[PDB]
Every structure is written in structure tokens, then in C-alpha cells.
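Enquirer: Chains as they are written, first to last, in UniProt numbering: chain A, 817 to 865; chain B, 254 to 708; chain C, 760 to 809; chain D, 2 to 1342; chain E, 52 to 102. Backbone N, C-alpha and C define an ideal beta-carbon position, used for all residues, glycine too.
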DNA sequence: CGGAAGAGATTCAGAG
RNA sequence: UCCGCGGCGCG
DNA sequence: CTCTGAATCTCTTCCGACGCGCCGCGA
Ligand SMILES: [Mg+2]
Ligand SMILES: [Zn+2]
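1) Keeping to the same chain, check which residues put their C-beta closer than 7 Å to that of residue 766 (chain D); ignore five residues upstream and five downstream.
2) Tell me whether residue 90 (chain E) counts as near ligand 2, meaning its Cβ is closer than 7 Å to at least one heavy atom of that ligand.
3) Give the residues from the segment 775-799 of chain C that approach chain D closer than 7 Å (Cβ to any Cβ), ordered along the chain.
4) Do you know how far the Cα of residue 827 (chain A) is from the Cα of residue 259 (chain B)?
5) If you measure from the beta carbon of residue 844 (chain D) to each beta carbon in chain A, is any gap under 8 Å?
6) Grab the span of the alpha helix (DSSP H) containing residue 311 (chain D) for me, first residue to last.
7) Count the other C-beta atoms from every protein chain shown that fall within 10 angstroms of the C-beta of residue 459 (chain D), then say buried if there are 16 or more, exposed otherwise.
8) Residue 669 (chain D) touches chain A at which residues, Cβ-Cβ below 9 Å?
9) Check for me: the beta strand (DSSP E) holding residue 381 (chain B) runs from which residue to which?
10) Please determine if the segment 814-828 of chain D and the segment 1057-1074 of chain D are in contact, where contact requires at least 3 C-beta pairs separated by less than 8 Å.
11) So is residue 1 (chain D) in contact with chain E if we call contact Cβ pairs under 8 Å?
12) Measuring CA to CA, which of D:547, D:122 and D:738 is closest to residue 444 (chain D)?
13) Pick out whichever of D:844, D:335 and D:678 has its Cα sitting closest to the Cα of residue 1070 (chain D).
14) Counting pairs of beta carbons, one from the segment 141-161 of chain D and one from the segment 524-538 of chain D, are three or more of them closer than 8 Å?
15) Starting from the beta carbon of residue 821 (chain A), find every residue of chain D whose beta carbon is closer than 7 Å, and list them in chain order.
16) Compute the minimum distance between the beta carbon of residue 684 (chain B) and the heavy atoms of ligand 1, and state whether it is under 7 Å.
17) Is the beta carbon of residue 663 (chain D) closer than 8 Å to that of residue 577 (chain D)?
18) Contact check, residue 637 (chain B) vs residue 1100 (chain D) under 8 Å by CB: the rounded distance?
19) Mind pulling the alpha helix (DSSP H) runs of 4 or more residues that sit fully within the segment 881-957 of chain D?
20) According to DSSP, what are the bridge partners of residue 530 (chain D)?
21) Using a Cβ-Cβ distance under 8 Å, would residue 1058 (chain D) count as near chain B?
22) Got a sec: does ligand 2 put a non-hydrogen atom nearer than 7 Å to the Cβ of residue 71 (chain E)?
23) Along the chain, which unbroken stretches of the alpha helix (DSSP H) at least 4 residues long are found entirely within the segment 448-501 of chain B?
24) When you compare only the Cα positions, how much space is there between residue 364 (chain B) and residue 423 (chain B)?
25) Kindly indicate if chain D contains any beta-carbon less than 8 Å away from that of residue 846 (chain A).
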């Protein structure tokens, strides 16, 4: 998974209960940056939350 | 699914999701003993969500998505011109259909339309598979498919065999009245334009400036029997709106007949006597007499007697060479007097109507086709054309306009002396201009319409 | 005053354009009303059969 | 005199009227407005600076810190325009803003700064308009249509009683801001006055009047006029203006000067008014009934008790009158109600109001605006105040202020964008005056009232939206945390700005996709004006009155060019001379009249001023002194034409053609034909397709030069000089010595767009039209573009046309064409299609591009390389593979019995399947270019590496050739400077060029020039190497592509398309026609010399369509080629050039009083020979629109051509060899191909795919779907008795998921059975109705 | 997802005679339920029907 | 937008 | 193999 | 002087062809 977001913030791993899958998200000052990346069929895709 | 692995969710799914979410929230707030106002707010939101699900936009502000558009609820799937009722239950899209730009074909008989070969192959591909296996040229559907996609000329022979009696339907959007859909027996032409017979094209309200047309093929044999017996253009001669025929010529056909029947005071070979219309045709084609020349000719006609027999009569009559030529195609039973005048559009209309009443359907159809052929041919030989010298301007016009403007100046100065109200001044000016315009129109018609020539 | 064979001046042409655009808008609007009216009449009379 | 270039093919003008003003640069509005948007501005009037200042600075109070704006600058666009178009990235430049952050101390004064920090923020990216006036968005050309909308201001309007239908008239006045809430004021059938806000509700006006800080008595005193009465015992006095008497009936005797005189029961007239005025009466004595029925104007007080007995707007109760008179308040004030002049409307509103006080009205307004919440004084006050008077929530722009004042007749022109109390009361007074009838309502359709909003205003509006969003974010960051330990770079988020601007350019309704059929189409689409869009109008709500022509359209908006169909009227085109006033009102040029002599000075007018003055008609004849010949010159003024004397005229039209746009202006003989057909022809002319070889039009309009040069397609000579070198693709021109700047190389180069996909799949090609050593002049055209020849518009082709009915093949507008036309490729056209292949990381391994395709013949693969890409230049046909791509199919597990069944079957049931791109059905052509784009970190295959190698080689050779040419120019300048004196030409000649540049011939300024150019050479080699390094990294670098795609491949397919029956062709006068027959050349009619006709048209259309002008065109054609033929023969006999020279001089002199007056005596004989060479194919004739050739001149030209004077000739029918008895009109005509080729429309579907939900067949050609048996057709079938075919149409052919399978089976078997099941859409409807909660079910199963 | 808007256990299998768990794959078990899940071995047409 | 139709609410006239 | 929304375009 | 019915006024809802063709975009 992408280790850093487009702003260069750092990323954490979260569970999307609505779709039963892991995703990655970034935080700044401990608040969510509103960015997320998901795994969909052998690839990592990223965008606004 | 969408490109990039995304998915378009139907709005109904989102409305369902929202209602599910609100229901779950209300149940959780209930089962954990929430305070009163909170559960009241949640249930009011749930009621609003159900309202959105069923009939979003029916009350207050409509729900909307990210696109800032209102989501289509269930009710919107049945209401409106996009609704399920109008879009799909009526007005289905259909298989075995094609569309193409139309084109004049004058060499067609009345009941046959010119259909491009490629469209015929595509439409009748199932029938071709069938007959090709039936005649043993192909064993399996894969063999038939690969053979037809290679266009092995035997497929073209089979294709010519299949359609020989297979009517097809032609439709022009909008189908204003039932004539808008008609049945034809196809004929195969290279190219890509559907060719119509001009006479029925007049009924289609169609033109040839780029109008498209759609073709459907009936499948079952009861269906094609229906198409032949009911819909074939040879049956729809009479409009439903009134008893008068709908198959009526216009444009070049009428121009040609009018030229063919018009006589002049002096022409090549005037006054000679012809023993029969065939000799009239000979003398015209050999160039020793012009169509317009007046002549005496021996002609036979017939009448439906009291019993129903076509009793003959023969006599000398005064006529024109062109009129005899036209008479030669007229079927037995109509009186010669029908032809012996300058034939306009209305005259041809009443001629077709009287043919249809006096005789059966098929003589009228044959008469129509012969009329179309002869009219086109003689119009072409005529060489009628429009030139700048033709639009003669009556030289009286300058004088009349000067008179009118003099009167305008007179009434205007009369108002300048305060002798009349402005409204009546306006009325007087309008009246005098209208009078002058009518006078100019009469002068123009008088100068154009008649001319002097030596006898 | 000028006919079509002689040239129309710019004023005559301009005032004439009024009728042209009036007619084009007229037919553009009329088509919809005619279609709607036909749909209605069909709906009312569609049951009747000899 | 003519430039040397223009000496080629001097077109013969016929215009008699002189031209005093050249046509302006046609695109000026787009370019100038965008420049105004982006360019720097110190005053901050418009664009970026204005937008920033309208929001900045930003201040935080608790933070005690400020954000403020220094300046903005625009960065360099990293990619060139063609690179953007190739790679699909929007042509944009970085927005850089200089920002400062301020923190003050925590002690008074707050202005005491303590720290300042400054830095430059990359706050967004912004599109740049290309030089041609079009933007580049993603990979597409897009041009923003300038909108036309209702101006801000105040308007006054009336309906002719349509709403209430009793016959009265109702009035309303409306105020429209640039942004913010609307207000409108309205009367009533009961004559009450109502106010509404954003059309929410309907309320009495006094609500606002007391909401404004005014009390009731102030309201009456302001709106109405007051009369005073006195009571003494029981004798009654009133104080009077004698004019106030006018209108009433003197039912009672009236006294003046101590004498009483009235004819009772009679209305007071002017003699009475004059009698009283000469009497100078002041106070009179009146009966009780006269003061009875009068309104109480104000509160009245009784001091004997401290009590009030009089209220506001109350009638006169005699009891109250007695009480107040005995109390001592013997004076009474009342209003006046003239039944016409002084309607009591405000008083009735004051009666019907529910509110009683300012705060009551405020809370009522608040609950109206904000339903469902408890009112509060602060909430209502804040809502009202911020709504109308917060200059950020509401703003009449300066144009709003100007219109507002000028409609209110106030002297001022400028003012604050917010309303005020006086503004509201003034507009209400004006509405009252209108209701009285001393005025007139406003006409909104009038063109002095609507305003053109260009791209700059929309761009700055979207950018302002971005700015306000960013401002909210910034104030939030300021509130949330500290101020010292951060930089504003992080505070500003570029996300909202880029989102807003990209959303505007991509999504917005006015950002419509560009069309590129031909240069004229691009011009007219750039210039087009739309009434739709944001804040505009909707096609459903557009009534006739907005569509109809308004008399001030003259000279501003072309009435002709409007599109047909439902969009008519709502879309227009700028007239040729119209330009935008700074306020956005349209503006037209005019020539000053000065005492009967036209000054030829030029003044620009708007519809208001034009209506005010008197302007003379263009075609008015003049002397050389400027005096009109006629005294009663026809003119127009105040929207009406009439006659006027020589002295009354104020202005004169500039040129005849100023009423029409370019699109109409191209049509010759426009003055001779109807408006409907002219409109259709003007619109159709846009659709013309560029031919394989361009041709001039014989009967042009002179406009072709301006349009062809002004469009972007042609390469124009930006710097004069001599053409040094030319090939198929490059032009190198030596700039002359004087024109070149000091330090420049003196050489300019141009590169032509050789072949590319146009925006409508047509070709775009540039062909040079000069030869080595020919001089070229500033503004010359060096290279033709599509449909351009020698710099003249070349849409169509020249055809020889006879007007004659021919065997019905030209029945009903049909066109019959001679095979000779096909054989010469006269109308052959070149088309380009672009196909894309996308490789993705599919389940069970990626889907890869490869030449390893299962279940396919090897011969097809041989067309591809081993990588799986077709070689360029290969011919390909429908159904063939262009690029091989393959998808894995997953596990596809087989049971061992199925495994052995597969094994005995063969290699089938593979887990890997073909997915390769295939030629579209019916298409065939040649493969011209192949492109790959691939993600970083993936290997470049053989095709990818080979194309990258060839592209880098191309870049290297291009840069090196540029180096060689420019260094040759530099060393030529070395030669030019060194020969000037102190020469060592041979001593240098032995030395190599490096010695030349190094060595010093002298010690003077020449050596300074040599050193300057040597430093230039060093700088240019260094910039060349830097450019090539950047180019190589830019080529080698990967691409972002899209999510999930490994690599995309695009292949370019080009096809040559040919005229074919069913194709549509049309002539400029608007006579469309479908080609219905090709004819063996022998069969076509032929004239006496044996040359056949090419196209046969039906004449019957002409009188009924009234396209008389086209016939005249035909005649001119026969004349034009006539001269050509003669001159051709005169050339072919190779006689003395002097004879043809005098003949050509005669041909030019042939016109009568024509402005042309060209003479050959100044031409040298080789120039004459070149002229003859171009004139051999006919002499082009120029005919202006409304001053065109006359019939006498046409006849004279024909007579000089030795053709029949009538223009008709005898003709022989080829098919029989006989002679037509009638003469026929044969001539030359200009014809176009209309981009509706038959092979793009013919379509047929036996069976195919089916939709998911409805199970009905798909729609449209692309999906290979079937036609739609619409409900009208169903009614048609119902009209017949044809039940069975209807049932078959609905059930089996369309929707039965099993019945159609059975039908297919039986048809294949040769049995035409049928079995109707149930339409699945019916089950869908049932399920939806049940899901709705309504139970519905079938019965009697 | 089970119990979701497209839960195969309710509406039936996404594919003809294919259990979500992959327990059964062909018509030999046509018209039986899986034990690991409540999906039924039937045709996809049932997806159109069941509410 | 405009026009037309239906339903609900408010006002005026007639009768008590 | 696909629900559209917006836009022009021809009937 | 008051009450009821009828009439009028206000507010809300429904409707203003059929058919094909391309382009863009799409939480
Ligand atoms: Mg048509
Ligand atoms: Zn299971």
C-alpha cells in the first residue's frame, strides 16, 4: 500500500466495515486528512474520503 | 461496473441504503434506551427517508446526490415520458431492423422498394443460415456463420432465393397517420441507399433532402400474409381521412403531362390527319411534328354498357399529337374527353379517382405506373428550365409606384395641414399602398400569362 | 417595393426577416402541440371497435 | 497598390459603394477579454487583482493575526500546446501569489505589528487560452461561448390583464442584482402594493417600509401629498392649490376672495383653474361633507385629557373632528386621492398590513424567509441587514449602479453596490408613477438592455468562488490554532480553487465541445452568442417574444445566422462590425454627419444612443463632396424608417455588410433571395467538409481573404523577408536586413501540422504555397490549410450545372451526378479515426498486450509485430486485429471427465482468452500512427522502445536542424557586418567559421556586434543542450494514465472516402440534395461543343423556395469560366503576351464605376504570365452582399465572353442524341459535401446484445442495436387490422427471453411457427409496483 | 455481503447452480441448499424474481 | 412560464 | 455491457 | 345583528410531438 499521501503525510491502516476490507488513510495533527486508498482486485487505488 | 473498476450505483440502491441506515440507527437508539427527543428526531428522519425512497421530490425540497441532481425514486420510474410505461411497455426497441438514407428510384414498379444488399444480408442472416443448412451447403451453425461472413457467392444466390416473395415494412418517423408504415416487396441493389417509388413517397410526407427511413422484416408467415394483404402499398390507394386517392403525382410528373397536353396555335405539321395514335407517336419520334400541333385523329374508345360489356366506338376527333400519345396508355373504358385538355394536378387526381371507380384496383395501379413513366420521360425530353429573363417585371410597375408615392405625399401633407387625425392618415396610407400592390400584381399577371405569336 | 429579381435594400430585407423567424418559431412550437393533441385523441378513442 | 503576393489571382470586385473601414480582427472579443482576465493591473480594476482585493485581506481577532496579499504572478506552462494535445493534459500554468502573515502584540493599539512573514503560495493551476482563442482541456479543444443575459438594474413591466382576465392592467417593477436576492414590487386587482423576495411569498409593502427605519406618519408624508384644514366653532376652512381642484366635480359652491361661484354638478376645467390662479386664492371655506370622506394623516392629541383620538390612515369621523376641535387642535392634516394621479394604494397597504411595528414586520419577514423556527429580534435584524446591505452577500456591480441610476434619472453614475432606503423608496415612487400612467414600462428584449458576458467574467466569478472557499478555510485555520509556528503555504489549500476552475471548464453548459469541420465553422463557433447557461434561460420556458427579432438587432446581432429547430432565436452570431462596450452592451460603428458632408470620422454607438439619433441607410448615394444626391434621404430613427432632409441626418452607416455576420456574408447574391432559404444555407455552410484538393470559388464575396487569414489554420507571415527554403513540412524565411532586430539571427522557421485528427475526424493538413526565393510580405499567407487556396476560403468545389428535369432521378430535390466528377476525385475526402486499447491488471494475472493470441489464424498475426502491434503503413479491413491483447479467464476448473472431454475436443476451454482490438465493422483503411503510454516501473516492449528511439531521434534531428539554420543566419549576419568595412573577405575565406566569429577585423562597434553574436551563439548552444536534455527526460518519463491500467496503446487509422449515392451535397444558397444516381459520362447531356454537364438539378424547387439569387450565381459562373476558357485558349495558342494583357485589362475595366480600377501597365510580363496561369481556370468574381453585380453588368460580362446573352443554351440529350426543344440554363455553381455520408448511417441488426434490466435490445449504431418501434408506429399498426405482426413485434422479436430463442430455432429449421410468452418488462413493472407497497397480481390462472 | 442489499443467501446465487461457498458447481445438485450458507442451487433468473 | 383545473380557505349577501 | 446527465447535429 | 351558503380568492399540481446521430462528463 502507498506509504505516504500526495501531501507527504503519513498513512495508517483502517477497516471498512461496510465492505469488510482493509484500507489506508492519512492523518495530520492526529485528524484525518480526508484521503484513503483501497485494495481492489490486485491493485491499490487512492482518493478523497 | 465502470472503467477503472468503479461501479455506478442505481439511485434506488442509495435510497434503500439510506432507509436501512436510518432504521438501524432508530433500532439502536431504541434498544439502548435513548432519551425521548432523540428517538423522536430519528424516527422523523426515518419517515422522511421513506418519503424520499418512494416519491423523492413529492414534498418539500427533493433529495439530491453529489451531481446536485434529484435522485430518481421508484415513482419517477413510472411517471413521465422516461417512465417505464411509455418507454418500454409501449414503444419497444425491436430486432431485425435497419435504417438508411432514402433515394428516388423511378424504375421501380409500384409495390417494390430498392433495398441495399448489405442490409438484406444482415437482416436475413438467420433465414440464410436456415436455407443454407436445408440445401445441405452448410452442416453446422458455425459453418453457416463463417461462410456468410466470407460472402461465398453461393450465399448471394441463396439470398436472392430467399427474399423473392418476402415483404418488408418501411417506416418514417414520425408516423403521423397510418400511411406512415407501408409494405413492399424488395429488390436488391448495390449501394447503401433505400430506393422508394416517388408516388408513395408523396404519401409518406417524406422528401429526399436527407430524410432517413427504417425497415423491419416480418418473421412469421401469418405476419407476412398480413403484410401482403393489408399493408401492401397497392392496397392503400384511398386515404382514410377522405375518399380521394392519396397516390397522386406531383412536381416533374405533373409538369411533364402539362407540357405534353398543352397545344399552340401554330406548330410543325399542323392540321394533318393520323389514322391512329401509333402514327402520332411515329410522327413525333421521327421529328416531323411537334407535340403541341393540333390535328385530327381517328380514335377508338369504349364504355361500360348497361350489361357490363366494354362496347366500342370509333370516331374522328380534334386533338393534339401529345394528347393522342397520352391517350394510347389509357386503359379501356375511360372516355377520351378526359384527356383532351391541358392536364393539371387536379385533373390527374380526378382522372385517377374516376379510373378507380369505373374499373378495378389493378387497372388503376397499372395506369398509375404508366402515368409515372410517361410523365417523367416526356418531362425530360421537354427540357423545361428557368432563366433570369423569365421573371419579366411589368414595366407599368414604376408608374404605379410613383402614383402611390404621390398619393402618400398628398395624404401626408394633408395631415401636415392638420386636416385629419393621425390614425386615419395611417389607415389611408395603408389602403392606398394595398391598392397599388394589387394593381401591380394584376399588371404582372396580365403581362406574364399571355403572349402574341403569328398564326 | 422592390421585387425579388431586383435587389432588396438592407432595410426591406431586415424588416422581412421578422416574418421568417416568426414562421420558423411558429412551426417549431406547433409541432409539439399537434403531437400532444393526437396522443390525447388516440387515448380517448382507442377502445372503440366495430 | 497590391502587394506582390496578392498580384496572383487579383479577384474582380464589383462593389460600387466605397469601404471606409476595414473589417476588425474577427476574434478580438475572446482574446481581449481573456487578456483582461489574466494580465497584470495596478489599479485592481479587473481580473486576478480585482478578485483578490475583493476578498483580501483576512484578519483573525482572537488570533490577532492577519493574512494579506502582495501580488500575483503566473508561472510558465510546462508543456507546449501540441504536447498537451498529444498527451491529454490540460494546457495550464501555475498560479503564484505573494502572501504575508502578520502578528501584532497583545496591547493597544491593535495595529502594533510584532512579526511579519512572507512567502509565495502555489494556490492553483489555471488554463491558458491558445493563440487561436480556444482552450485545451485534457486532450480536447474547448471554446467558451460568450453569454448574453439580462443586465442587472431595475425594470418595469406590465401584463395585459392575462392573469386576472377581467380587462384591467397590472404592473410590477423588479430589481436584479449581479448577485444576491431579488426583490420585486407588484400591484393587485385590488390595487394593493405587494413586495416579494426571491419570489417567496406576497406581502404588503409597508412591512418593508417600517422594516426600514421609518414610522407610519413618515411613510405617508414621504409618499403622499398633504392638505390642511381648520375648524372654528362649526365653520370649516381648507388650504388649497388651485391646480389641486382639477379633476373633481364642483358639486358644491366654492368661494374665493370673499365671493362664491360654482356651476354645481360640473367638473372643474382649465378656465376655472386660470380664474382661481389669477384670483390667487389661498384659503377657502368648505362644507362638512367635503372634509367628510378624507383620511386622517397622523395622530392627534387632546391636551385637556392627554388623550389621542386620531390614528394613522383613518377616515374622518365627525365625532373625532368635533372632539379635537374642542380640545384645541383646530388644524387637521389629510392626504389627497386624485382618482388618476394620486391613487391611495400605499394607504390601502397600510390598512391591510398584519404588522404593527418595526420589529413585528422584521420577525414576520424572518419567519417568511426562515419558516419552522422561533423568531428573534436579533435574528430578523441580522437577516435583513446582511441580506440587503452586506456588500459581500449582495452586490450590484458598477454596471448595475449605472443602469439603476440612469433608469431613476439621478445625476450620479457611480455608487455603492448595496441598496439603501432612498433607493427603495425612489423605485417604489417610480412604480407608483407608472401606475398613474405618467410613464411607460420597460422593454427587456431590447438590445440596449441585455448584456454580453465574455469568458473573463465567468472565469473571475469561478475564481471568486474559489477565493471565498479558501477564505473560509483560512479563517478556520486562524481560529483553530497558533499563528507563529506555521507558514501560510500550508494554510491555503489549492484544492477548492482547482476544483472550481476545472469544474467550470469541463462541466459548464457554456464550455461546449469545439467543432472543426472547416475554418469558417471554427470562427463562427468562437464568435457565437448564446442566451442559455448559468443565469440565462431554458428552451422550455423561452417564449416567442425573446426569440423574435428586435429592431435594435440592426448592426449589432446578425438576424440570419440563428440555428434552426428548438434552439432558434436563443443562439445568435455577432454582426461583423459589432464589438463589446466595456459595460457589455453591444456597440456599432457609424460615420459622423457634419452639415451635409460625411466627416468619415467614426463614432461607436449603443442601442440607446442609436435610438436617440437619426442614422442614414447605407445604400444612400453620395457625391464626392459627401452630400447625398437625394434631399429626402431615407433613414431610420427611433425604430422606424422614414425620409428626412439633408440637414436632419445625424449619422451614416459605415458599410453595406454591417447587418450580417461572416457566415451570411460569404453567400453571394444574398440580396436576391428569401430569408428562410438564406438562413438554411448560412447554417449548412458551417457543415462543409474540406476536400482532398482545395479550389477557389468563382463567385465569392471578398470576405474569404479576411476569414481565411483570421482563422488559426493558415500560417501567416509574421515577419517580412524572402523565403529561403521550403519542403513538404518546413518553411525557412530570411528576414530582411531592416526588419530584423539587433542581435537576432534574421531567420524564422515554421513547421506545418502535417496530419492530425480533427475534432470531427476530418483531416487537418497544411500545404506550402510558395517557392524558393519568392519575396514574402508582412501578413502574407505562406501555407494553406484545409479548404484554403492562396489564402482564400475554399469550402466547396466548382461544378458545371444544368437546370433541367431528368427522368425523375432529380425528383424532389434529388441530385444526379456525372461519373466524371467521381473519376477526378473532385469530392473525395480523407478521414481519420482513433482507436484506443487499454491494458489492465485483471483477476488471476494482468491482461497484457501481446501477439500470442489463442484460436486465431497466423496470417492475421503476421500483420502485427511480435509485440502485438500493427506496423504503420499496413492496410487493414473490418474484423481484423490491429493490436493483440489477452485477458486471463480465472481458474475455469474442469472435472476430470470434462477434462478428458476437452482433451478429445482439443485445446478449447482455455483459462486465457482473446481480447484484442478489432477493426470496426465495415471500416477499412491504412494505419498511419501508433502511440503507447505506459505506467512507470514497467518495461518498454519492442514497439515501445522502437517508437521511443525514433521519437528521440526526431527530436534530436529537429533541434540540430534548427541549430544549423539559425547558425547559418547568424554567420550570414557576420558576413553582412564584416563586409561593411575593413574587409578581409578572402583572408577570412581561408579561415574556418570559428575564426570568423573569433577574429577581429577592426576595433570598433562592429567588433562589439561580433562579440554580441558570439555570446549569442554560446547561449543558444547551451539552451539547445538544456532543451534536448529536458526533451529526452520528458520523452523517457512515464505517464500517470488512469487507475488500474498498466499501459494504453492508441492506433491511428486513416481512410479515404468517396462520393456515393445517398451522400448529401448542397449549394451555398441552401438547396440540399441527396445524390441519387451516378451516370456513365456518355449519358449526360452535352452542349454544342461536346463537353458534358456534370450535375443536373431540378428547376421546380426554385420558384417555390424563391432562391432566385442562386440562378443569378449560375449565370455568373457561365460568364466567369467563359473568360477563363477564352484566356485558356489565348494561352494555348502561345500568342504575344501583350494581347492577353490588353484582354485582361479590358476584363477588369468591364465594370461600370467599380471601385477596383486595377491596371496592368505596372505589371512586368512574367507577373502577367503568372497571373494568366492562375486565371486560366476561370476569372474569380467578387460580389459584395448588398452592392452586388447588376443584371446589366452580368450581361455585359457574358457578351465580352462570347456566350449567349440570355445565359441559356441549346442542349443535346446524350442517351438518344436528339435535341431538347427548350433552351436550358447551364452554368457554373459552387457545391459542398455536408458530412452526412451514407456509410455513416446505414445500419442493420439481425440479433446481438440485450440490455440487463428490461431485456430489450440495445439502442444506437455503436451498440449494434435495433430501431425503436415507437408508440406512433404501434398506433399505425392498430389502424390496420394487423394484429399478428404487432404481437410478433412486441413479444417474440423484442422481449421474450425464451420465445425469441424458440423463434430463432424454428426459423433456422425453416418452420415459421410462433409462440408468444410474456414480455419480461411486464414482470419488471409488476415487481416495481409490488415493491411500492401496492399489491397487484394476475387472476384466473 | 450476507444480509446485505445483494445478499446471495436471500436472493439466490449470482451464477447458475454455483454456491457462494463453492460447495457445488453443477446441476447434479440442482435444487439443493448449501449447508455453509443459505444460497440455493438454482438459475440466475431467480435473482430477477425474489423480493 | 404561462395557462388550466382542482381543492381549501376566506368574504359577502340573503334570510332568519 | 452499462445508468445516465449535459451538449451540440440532422430529420 | 348573526348564521349559513354561495361565490370568489389563493395555493398547489399537471402539461407543453416522434425519431435517429456524434462529443464531453460522471461518489
Ligand atoms: Mg425531409
Ligand atoms: Zn454455501
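Expert: The short version:
1) As a working note, residue 766 (chain D) is residue 765 in the fourth chain. For residue 766 (chain D), where only same-chain residues beyond five positions count, the Cβ hits under 7 Å are 755, 756 and 787.
2) Numbered from its first residue, the fifth chain carries residue 90 (chain E) at position 39. Yes, the beta carbon of residue 90 (chain E) sits closer than 7 Å to at least one heavy atom of ligand 2.
3) Correct list: 775, 776, 777, 779, 780, 781, 783, 784 and 787.
4) Here the question's residue 259 (chain B) lines up with position 6 in the second chain. Here the question's residue 827 (chain A) lines up with position 11 in the first chain. Residue 259 (chain B) and residue 827 (chain A) have their C-alpha atoms some 23 Å from each other.
5) Translated into the one-based positions of the fourth chain, residue 844 (chain D) becomes position 843. Taking Cβ atoms only, chain A reaches closer than 8 Å to residue 844 (chain D), which makes this a yes.
6) Start at 1 with the first residue of the fourth chain, and residue 311 (chain D) comes out as number 310. For residue 311 (chain D), no alpha helix (DSSP H) segment is defined; the enclosing uninterrupted segment is the beta strand (DSSP E) at 308-311.
7) Residue 459 (chain D) sits at position 458 when you count from the first residue of the fourth chain. Residue 459 (chain D) should be labelled buried.
8) Position 668 of the fourth chain, counted from the start, is the residue given in the question as residue 669 (chain D). Here the premise fails: no neighbours, minimum Cβ distance about 58 Å.
9) To locate residue 381 (chain B), count along the second chain from 1; it is residue 128. Residue 381 (chain B): not part of any beta strand (DSSP E); member of the alpha helix (DSSP H) spanning 370-387, first to last residue.
10) At 8 Å Cβ cutoff, the stretches touch.
11) Residue 1 (chain D) cannot be examined here, being either before or after the span of chain D that is shown, 2 to 1342.
12) Your numbering for residue 444 (chain D) matches position 443 in the fourth chain. Considering only alpha carbons, the answer is D:547.
13) One-based indexing of the fourth chain puts residue 1070 (chain D) at position 1069. In terms of CA proximity to residue 1070 (chain D), D:678 leads the group D:844, D:335 and D:678.
14) Taking 8 Å as the limit for Cβ pairs, the verdict is that the segment 524-538 of chain D does touch the segment 141-161 of chain D.
15) Position 5 of the first chain holds residue 821 (chain A). Those do not exist, as residue 821 (chain A) stays about 13 Å from chain D at its closest Cβ, beyond 7 Å.
16) Taking the second chain and counting its residues from 1, one reaches residue 684 (chain B) at position 431. Result no, Cβ not under 7 Å from ligand 1.
17) Numbered from 1 along the fourth chain, position 576 holds the residue referred to as residue 577 (chain D). Numbered from 1 along the fourth chain, position 662 holds the residue referred to as residue 663 (chain D). A contact, by the Cβ cut-off of 8 Å.
18) Position 384 of the second chain holds residue 637 (chain B). Position 1099 of the fourth chain holds residue 1100 (chain D). At roughly 7 Å, the Cβ-Cβ gap stays under 8 Å, so residue 637 (chain B) and residue 1100 (chain D) are in contact.
19) The DSSP assignment places 897-906 as complete runs of the alpha helix (DSSP H) inside the segment 881-957 of chain D, in order along the chain (cut-off: 4 residues).
20) Residue numbering aside, residue 530 (chain D) sits at position 529 when the fourth chain is read from its first letter. Secondary-structure assignment with DSSP links residue 530 (chain D) through a beta bridge to D:147 and D:573.
21) For this step, residue 1058 (chain D) is matched to residue 1057 along the fourth chain. Not closer than 8 Å to any Cβ of chain B, the Cβ of residue 1058 (chain D) fails to qualify, so no.
22) In the fifth chain, counting from the first residue as 1, residue 71 (chain E) sits at position 20. Yes; taking the cut-off as 7 Å, the Cβ of residue 71 (chain E) has a heavy atom of ligand 2 nearer than that.
23) The qualifying runs are 451-456 and 474-479.
24) Reading the second chain from its first residue, position 111 is the one you call residue 364 (chain B). Reading the second chain from its first residue, position 170 is the one you call residue 423 (chain B). Cα to Cα, the separation comes out at about 12 Å.
25) As a first step, residue 846 (chain A) is located in the first chain; it is residue number 30 there, counting from the start. Cβ-Cβ to chain D under 8 Å: no for residue 846 (chain A).
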